[PDB]
Amino acid sequence: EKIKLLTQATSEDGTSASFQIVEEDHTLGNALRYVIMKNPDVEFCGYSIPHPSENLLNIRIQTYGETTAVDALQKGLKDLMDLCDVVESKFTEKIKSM
Amino acid sequence: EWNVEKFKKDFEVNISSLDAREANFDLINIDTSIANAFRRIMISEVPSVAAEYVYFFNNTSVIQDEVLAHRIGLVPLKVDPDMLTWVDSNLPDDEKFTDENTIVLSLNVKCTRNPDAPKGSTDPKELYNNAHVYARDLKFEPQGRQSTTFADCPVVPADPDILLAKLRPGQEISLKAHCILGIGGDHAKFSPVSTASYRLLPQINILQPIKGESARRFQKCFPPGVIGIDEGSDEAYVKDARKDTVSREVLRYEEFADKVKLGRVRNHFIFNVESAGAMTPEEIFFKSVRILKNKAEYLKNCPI
Amino acid sequence: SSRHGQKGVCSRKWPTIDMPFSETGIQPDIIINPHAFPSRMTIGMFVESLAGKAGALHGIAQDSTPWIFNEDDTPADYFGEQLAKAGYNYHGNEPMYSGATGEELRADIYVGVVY
Amino acid sequence: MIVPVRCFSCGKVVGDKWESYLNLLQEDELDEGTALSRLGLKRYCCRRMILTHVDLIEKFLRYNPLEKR
Amino acid sequence: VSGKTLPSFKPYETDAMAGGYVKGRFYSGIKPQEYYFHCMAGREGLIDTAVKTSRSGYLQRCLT
Amino acid sequence: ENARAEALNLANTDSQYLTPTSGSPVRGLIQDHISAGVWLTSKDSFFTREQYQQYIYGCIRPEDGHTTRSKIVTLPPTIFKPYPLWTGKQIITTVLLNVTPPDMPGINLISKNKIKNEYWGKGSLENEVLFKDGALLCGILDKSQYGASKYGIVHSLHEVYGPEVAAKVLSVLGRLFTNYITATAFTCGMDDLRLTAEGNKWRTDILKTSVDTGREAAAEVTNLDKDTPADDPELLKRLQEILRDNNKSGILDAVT
Amino acid sequence: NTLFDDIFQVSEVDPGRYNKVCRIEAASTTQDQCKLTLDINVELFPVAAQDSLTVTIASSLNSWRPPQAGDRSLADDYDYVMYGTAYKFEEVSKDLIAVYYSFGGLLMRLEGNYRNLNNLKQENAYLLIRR
Amino acid sequence: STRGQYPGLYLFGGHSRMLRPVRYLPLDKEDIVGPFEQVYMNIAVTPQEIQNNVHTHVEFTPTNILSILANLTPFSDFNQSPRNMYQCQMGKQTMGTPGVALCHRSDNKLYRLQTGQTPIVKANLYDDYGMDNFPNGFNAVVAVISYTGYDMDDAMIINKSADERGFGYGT
Amino acid sequence: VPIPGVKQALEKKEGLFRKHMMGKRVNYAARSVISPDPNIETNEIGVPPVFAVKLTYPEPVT
Amino acid sequence: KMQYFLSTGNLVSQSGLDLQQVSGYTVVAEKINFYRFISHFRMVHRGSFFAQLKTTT
Amino acid sequence: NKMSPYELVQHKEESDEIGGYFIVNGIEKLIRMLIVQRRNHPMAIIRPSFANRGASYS
RNA sequence: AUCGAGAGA
Ligand SMILES: [Zn+2]
């Protein structure tokens with residue numbers, strides 16, 4: 001569909017994997033990278049766009065163990081949602097207060 | 001460590017101004033990767049309504065049809081984007097546009113000479129009738145059920161005094177533009193912000209004290225409201241660094257090159273969102289944050 | 001091309017979000033590589049950028065007829081005085097931000113208005 | 001030719017300001033800088049659009065094929 | 001033929017600037033005479049490049 | 001398929017790294033990548049863990065076959081306290097470590113670059129490139145290393161690992177120096193072209209001695225004793241003769 | 001374990017066209033013929049002329065992982081800790097050996113009598129500095 | 001002279017002569033000189049450099065030795081001369097404005113720039129020849145930055161949003 | 001002026017040899033302006049879709 | 001005959017003028033822009049003789 | 001020949017139409033200026049083709 | 001089809 005697992009770069013145990021996301025760019029890539037690097041269990045995280053003219057984003061996650069790159073990705077997405085929710089709530093409160 | 005709870009504890013917003021077009025607010029203790037995501041989404045991801053398809057019926061003016069249609073497309077509209085859905089492009093044009101996703105404008109202006117023009121006059125508004133075609137002449141035509149939904153809010157351009165075309169007697173323009181939802185990453189005519197950027201809070205680190213006649217010129221190297229003088233001792237200090245645009249005029253002087261360093265506060269952003277007119281800047285920022293959150297949530301719910 | 005022989009084809013239509021944005025919020029519409037200048041030595045393009053920005057700020061028109069300046073009265077000095085008076089910096093440099101990552105670039109970027 | 005509706009660099013609508021700019025130059029003895037400032041054009045990217053417009057459509061309009069001359 | 005290298009310079013002017021010595025930089029600009037001399041040099045360079053782009057085209061085919 | 005094989009093996013791009021005219025290399029990066037490398041591979045460059053990992057994954061992409069180990073391998077930081085900090089040379093080392101095939105020793109190359117040691121301060125040794133087990137330990141990468149230059153790092157990698165590895169290294173360095181130049185962009189301006197007050201006074205003082213050199217050279221050419229006035233009748237007559245005679249004109253031009 | 005240790009008196013510091021790094025010249029307080037030139041990140045560890053530093057070269061600090069809770073290392077006793085590789089050994093004179101280290105690009109030249117520098121082998125070694 | 005040109009006083013009139021205005025220094029009035037007589041008369045390029053008992057004439061302005069196109073180049077005394085020549089050659093190859101009476105013509109090809117602008121930086125001779133009637137190009141905000149990596153050799157990068165607002169458009 | 005005979009058709013650079021045997025027009029070829037791209041392999045070429053749909057290769061089915 | 005001369009540039013003369021070339025006397029005034037057009041009327045040519053030559057004085 | 005710019009725009013030509021060119025078959029043509037020897041002046045000439053013209057010719 | 005003008009690297 002939208003998220004794609006690059007099976008030719010994924011570890012057998014799942015500790016390392018590479019993901020391809022369509023119709024994405026630096027906007028989501030850098031946010032996901034920042035929110036995933038905060039995971040104490042991930043060893044390597046980075047985003048790369050193969051070609052600028054194409055709408056594809058690549059995410060690399062390498063965990064230290066006891067987890068999965070997919071699990072790290074899910075945790076990063078959840079934490080990004082929580083960060084967006086808290087900034088929205090604080091902005092709403094400041095708008096109301098003024 | 002880092003956590004959403006710690007970010008909530010350390011996060012603050014300082015709204016400095018808020019108008020119907022421009023909002024100036026600060027994001028404090030947030031990451032550049034998130035501030036930039038908000039900025040990019042505001043610029044080129046928040047949907048808006050602008051003219052896309054133009055159905056010319058006659059154009060005998062100097063302006064060619066493609067230029068006129070492009071110039072019509074560039075006009076911003078006072079339409080709430082939530083009042084209409086998105087167009088499914090796969091459908092044929094017979095039923096691609098429905099009553100709930102397209103707003104149909106019209107323009108029918110015909111120039112004729114004014115026989116009552118005063119002699120020796122040069123003003124085209126007295127010499128001719130309809131010599132100038134303005135955006136306010138884009139008449140909204142309600143269709144279907146939207147005659148009831150748009151009854152309270154008419155579809156008028158954000159700027160009605162935009163000069164769309166000029167005419168001379170005998171020349172007529174008769175078109176019918178369809179305006180739909182679109183994002184600023186598709187075409188720049190859809191971006192709901194004039195400019196929506198940010199900047200790091202400037203930092204002016206005074207290392208050695210500057211006093212006396214030297215403090216006079218040190219203050220002048222900045223904008224007048226930034227650097228002040230202490231009442232007790234004739235020192236120099238930073239009153240408001242928000243009022244400073246980094247021109248590094250100090251570093252041009254060897255007198256003050258060794259007595260102050262210029263930097264930034266790397267997690268203190270100063271946003272400035274100017275809207276085109278369709279929606280308020282605070283709502284634009286709300287929608288950008290919600291777009292980022294929904295993008296993350298949709299990616300999470302996508303089955304890997 | 002500009003009026004200094006700096007011709008060149010257009011590679012890609014760079015989106016405005018990925019374009020670098022200045023502190024004042026303006027993204028340039030033409031990006032020219034700094035490596036085109038050292039071999040050609042078209043310093044008139046730099047001077048035109050300086051004078052164009054100064055004139056756009058002050059609402060005036062700057063005359064560029066040859067031999068109106070000399071060694072003592074440098075156009076760099078003249079347009080730098082105008083820019084510093086307008087509040088921008090003397091050397092025409094603007095602190096810009098990366099449009100893809102968001103961080104401020106290493107040094108102030110040289111921006112201006114050229115024909 | 002005809003005033004650009006939106007500024008190229010940023011996107012601020014400057015197309016509704018050409019006539020008012022001409023009025024500010026004509027009626028009041030305001031120079032171009034003061035007139036641009038009063039019109040609300042702050043960034044020099046916006047200032048150049050109205051400062052340097054040529055408005056060639058006025059010269060284009062005198063060749064009207066639909067009117068007896 | 002009059003000993004003047006340019007109308008500005010008096011006949012047989014023993015000066016480096018008269019003979020083409022440009023004491024000027026592209027940062028600060030060059031005087032009209034030095035501009036004229038630099039145009040001479042640039043025109044010669046353009047001519048030489050135009051000739052040299054194909055002065056050696058017959059040799060390759062004769063060998064090959 | 002015959003012409004396909006001919007083009008992919010004999011006429012292909014990476015098998016023509018060296019010109020047969022003199023055996024020198026003809027491929028490499030040119031301007032932005034060269035300046036980006038000069039800025040990245042200096043002592044002044046430090047990168048946090050996230051920045052280092054982002055640069056590494058931007059240049060090298062295992063899912064595209066860019067990695068020989070199926071899993072990106074990194075290095076310990078060159079600074080442990082107060083907080084971890086890598087270096088640009090460590091980014092070069094990691095690039096080599098991930099593109100160079102395993103089960104082989106790293107490149108041991110000692111070369112120089114185009115930038116002297118006086119352009120980095122007193123006591124610097126950044127002119128002397130030094131590799132050891134595929135780890136850039138000294139010097140800056142320059143035009144002499146990546147680009148069309150003999151006995152640089154790219155040429156040495158070509159020689160030791162075949163043409164494919166040198167092609168991969170050129171591609172990886174191109175992607176790396178492109179992504180680096182995006183975040184830390186390179187620019188030139190008017191202040192680069194300016195001298196100081198002391199520089200301008202030096203230039204003026206020296207150029208003030210050029211007023212009389214033409215006259216002195218003319219006096220030497222016309223076999224007249226020095227300190228003769230520029231409008232002396234005999235000097236003018238000799239200069240007239242020199243103007244008439246093409247060879248004497250050429251001699252005067254050469255001396256001046 | 002430790003391979004070298006001394007109290008060094010910094011004598012000269014200059015940035016040299018750099019902003020974050022600087023090159024120092026440290027002379028040992030006790031050993032009369034031991035000297036040092038080192039490049040340090042002076043934004044993470046500022047130093048000054050006529051200072052005193054406690055440098056120590058250790059084969060380990062007891063693959064790299066960010067520090068976690070309840071982790072002990074030799075680095076906890078020191079302020080500034082680097083990590084590099086020995087790439088050259090020189091014989092300046094009789095009973096004088098100079099060892100060259102490169103910490104990811106930052107170069108150290110530790111010269112001294114080989115009685116104390118005999119432990120310094122050509123391999124990866126941690127450098128630790130303390131005020 | 002000594003083995004120079006043949007001496008004599010050669011007054012000329014009539015057709016096809018080449019003439020230029022130069023300021024006669026005595027009595028300070030305009031004078032007209034030709035190529036034949038120019039090579040023997042001293043003509044200072046600037047009133048600051050008149051030498052006593054040397055110069056008889058002086059240029060009205062140093063810029064009246066250049067062509068129209070050469071005069072319309074901004075700050076051309078700061079450029080390399082081949083680049084000035086390239087500019088002269090390329091300013092006549094621009095998609096500008098040929099004219100305004102384009103509805104009364106049947107030319108085989110016409111290249112017209114939709115929206116041109118008067119330059120902020122322009123010579124004083126730009127107004128004298130009325131080039132405002134024919135705007136050649138447009139003013140743009142140009143950053144001298146090495147940021148994209150797509151514009152190394154001589155290529156350049158155009159903002160997509162600006163291009164989507166009719167920047168550089170032509171027919 | 002004189003009409004070219006059968007000898008002049010085979011004589012010089014425009015003759016039959018140097019213009020139709022030592023150099024020919026070819027099917028399955030293309031020409032365009034070149035623009036840089038650093039996100040493509042150093043041994044690769046970037047071909048637009050306009051060329052990619054006209055150029056073709058005979059691949060026998062199996 | 002005058003129209004032929006203006007259209008072709010060929011100087012069909014039974015006697016020959018005091019000129020060297022016989023063709024390319026009239027150029028087509030191109031209208032790419034006003035700069036091109038105005039420079040058409042300010043150019044002076046040495047002649048087609050020197051185009052096909054090697055001496056560059 | 002003597003029409004003011006107002007009359008020029010009235011007669012469909014241009015505001016500041018300039019002359020110097022001809023119209024043939026709807027295609028505008030110009031007789032390009034050429035450089036020729038100065039008239040009515042005897043100029044001494046050295047040319048190898050003068051000797052190449054015949055024999056004993058200097 | 002031929003000869004004239006011009007343009008791009
Ligand atoms: Zn603007």
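Every chain is numbered from 1 and lettered A, B, ... according to where its sequence line falls, protein lines coming before strand lines. The basis for the numbers below is simple: all heavy atoms, side chains too, and nothing from hydrogens, waters or symmetry mates.
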For the rings on H:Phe78 and C:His4, is their centre-to-centre separation under 6.0 Å? no

Taking the six-membered ring for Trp, is the centroid-to-centroid distance between C:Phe46 and H:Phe75 below 6.0 Å? no

Hey, does I:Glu14 reach any base, or is it just sugar-phosphate, or nothing, if we go heavy atoms under 4.0 Å? nothing

Report which part of the nucleic acid H:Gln93 touches: base, sugar-phosphate, or nothing (heavy-atom distance under 4.0 Å, all strands). sugar-phosphate

Using the side chain to side chain donor-acceptor pair (under 3.5 Å) criterion, which residues pair with H:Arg20? Sequence neighbours excluded.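 Once residues adjacent in sequence are excluded, the partners of H:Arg20 under the side chain to side chain donor-acceptor pair (under 3.5 Å) criterion are H:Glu59.
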
N/O to N/O distances under 3.5 Å, protein versus nucleotides 2-5 of chain L:
from: L:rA5; atom 1: OP1; to: J:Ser48; atom 2: OG; distance (Å): 2.5

Rounded to whole Å, how long is the line connecting atom [atom1] of [X] with atom [atom2] of [N]?
X       : N     : atom1 : atom2 : value
J:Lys31 : L:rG6 : NZ    : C1'   : 18 Å
I:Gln8  : L:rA1 : CD    : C1'   : 16 Å
K:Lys29 : L:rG6 : NZ    : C1'   : 13 Å
H:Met95 : L:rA7 : CE    : P     : 18 Å
H:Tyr86 : L:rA9 : OH    : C1'   : 10 Å
H:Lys92 : L:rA7 : NZ    : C1'   : 12 Å

Under 6.0 Å from the CD1 atom of K:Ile18, do we count more than 12 heavy atoms belonging to anything else shown? yes

Answer yes or no: is there a donor N or O on one side and an acceptor on the other, between the side chain of J:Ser7 and the main chain of J:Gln3, under 3.5 Å?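 Yes.
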
Is H:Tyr169 close to H:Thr115 at the side-chain level, that is, under 4.5 Å between some pair of heavy atoms? no

